[PDB]
Amino acid sequence: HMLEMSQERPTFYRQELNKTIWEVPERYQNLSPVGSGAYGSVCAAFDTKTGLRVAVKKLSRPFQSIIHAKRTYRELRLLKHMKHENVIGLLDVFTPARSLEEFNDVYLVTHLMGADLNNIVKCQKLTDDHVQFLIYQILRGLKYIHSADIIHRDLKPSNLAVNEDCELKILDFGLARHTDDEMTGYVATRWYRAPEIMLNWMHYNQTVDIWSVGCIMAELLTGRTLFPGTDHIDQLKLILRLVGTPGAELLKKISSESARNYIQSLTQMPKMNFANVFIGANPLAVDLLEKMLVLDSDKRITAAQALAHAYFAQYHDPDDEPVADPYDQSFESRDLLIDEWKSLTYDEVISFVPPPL
Ligand SMILES: O=C(NC1CC1)c1ccc(Cl)c(Nc2nncc3c2cnn3-c2c(F)cccc2F)c1
């Protein structure tokens, strides 16, 4: 058993790209801004050490406030935990800073992907086999994310990244923090959200993400957003029209008195026939869709269970659907100063050990 006693610091070079000065290790070459701001300050690059096309995100002044500092620490902790084919993970993390004292920039390095689901949908008409392989991969990655006791919270086509070979990685898990305005009106930001988080019926858990997969799957099959509500209330009515109004058993699970009061005011509707809604679709696709889009979150199919569904017969491999280690999120309930979040972040950067690729 031999041991490493110190870490080598690479040579860095400077470059002005996003109107900001990027300082990166020599290994990273041909830096080029991607996404026209949709992903933030992200550059595509070639990693000469691994031969990988990579995405490099710069977080400038990430310790400006207590919230920003904790968010910076949260994102890093999240990315360091994920080692899965269908989940975005960390290839590298670096700072040009030689001490904690001068440390005010964090760079994150992930795999470079070709497009998000939104963009591949406008370029192609997806076959049932594409939908099989894409949804299989989302669920495979979700099984892993959920086994680490992490909730995505904001699964939508725009944070599902896809390659030319139809291989998929899940982005933006565990960190989505939206304003009221961003969730207002006729907006994609809300169309995929489970009814219980959209209107805050109860304390939410991972089953929230399965609802989102159901909405995504339906849209891939039909070419149409499943619940494109013009507001929160219009969306809910769309949802209940399809899945029926709550029964007595679900009503008493709704911890919010006011939300329970509003629900009971609505004319009761039965669940529709999904075979008459999703006409011409693989009957197995429709079956799984019914097990995902259940109003009561307790009764929804889980990611692990859905993997064993007959719809994924040609892709399902129980020996190649791995779980994660537990994710220690005890820091979430911790109140700390800016300098304490910064030091914690610095610790995580310098302690990073690269994958054996
Ligand atoms: O999900 C992330 N963080 C949350 C989970 C904690 C996270 C953080 C940093 C980075 Cl660098 C990334 N990776 C990426 N971020 N945006 C777009 C990305 C991408 C990788 N590829 N692409 C990409 C592209 F460059 C062009 C077109 C389509 C694409 F999906 C993800």
Tell me, please, whether a residue that is aliphatic (A, V, I, L, M) and either surrounded by fewer than 19 Cβ atoms within 10 Å (Cβ to Cβ) or under 25 Å from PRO354 (Cβ atoms) (or both) can be found in the range 153-160. no
Only residues that are near the ligand (Cβ under 9 Å from one of its atoms) and more than 14 Å from the chain's Cα centre (by Cα): list them for the range 78-90, please. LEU90
Can you tell me which residue within the range 22-34, out of those that are within 14 Å of the ligand (Cβ to nearest atom) and touching an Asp or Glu at 6+ places or on another chain (Cβ under 9 Å), is nearest to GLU101 (Cα to Cα)? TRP22
Check the range 102-114 and report whether any residue there is out of contact with any strand residue (DSSP E or B) (no Cβ under 9 Å at 6 or more places or on another chain), in the same structural domain as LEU337 (by CATH) and within 8 Å of the ligand (Cβ to nearest atom). no
Listing of helices (runs of 4 or more DSSP H) fully contained in the range 194-275 that carry 3 or more residues being surrounded by fewer than 16 Cβ atoms within 10 Å (Cβ to Cβ): 232-243, 248-251, 257-265
Exactly one of these conditions fails for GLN124: (1) within 16 Å of the ligand (Cβ to nearest atom); (2) buried (at least 22 other Cβ atoms within 10 Å of the Cβ); (3) not β-branched (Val, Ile, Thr). Give me its number. (2)
Working carefully through the options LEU100, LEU117, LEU139, find the one that is crowded, with 22+ Cβ neighbours inside 10 Å and over 24 Å from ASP47 (Cβ atoms). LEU139
I'd like the full set of residues that are under 18 Å from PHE173 (Cα atoms) and near the ligand (Cβ under 8 Å from one of its atoms), limited to the range 39-75. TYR39, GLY40, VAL42, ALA55, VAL56, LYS57, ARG74, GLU75
Check whether at least one residue in the range 28-40 is more than 23 Å from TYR327 (Cα to Cα) and buried (at least 21 other Cβ atoms within 10 Å of the Cβ), and report yes or no. yes
If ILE301 meets every condition in (1) in the same structural domain as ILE216 (by CATH); (2) out of contact with any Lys or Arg (no Cβ under 8 Å at 6 or more places or on another chain); (3) surrounded by 15 or more Cβ atoms within 10 Å (Cβ to Cβ) apart from one, which number is that one? (2)
Which pairs have Cβ atoms under 7 Å, sit 6 or more apart or on different chains, and link a residue in the range 119-137 that is without any contact (Cβ under 8 Å) to a residue 24 or more places away in the chain to one that is assigned to a loop (DSSP other than H, G, I, E, B) and surrounded by fewer than 21 Cβ atoms within 10 Å (Cβ to Cβ)? none
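For neighbour counting, all protein chains shown are included, and Cβ atoms are generated from backbone atoms with ideal geometry for every residue, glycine included. What is reported rests on the model, the rules as stated and the sources as named; no laboratory read-out is quoted.
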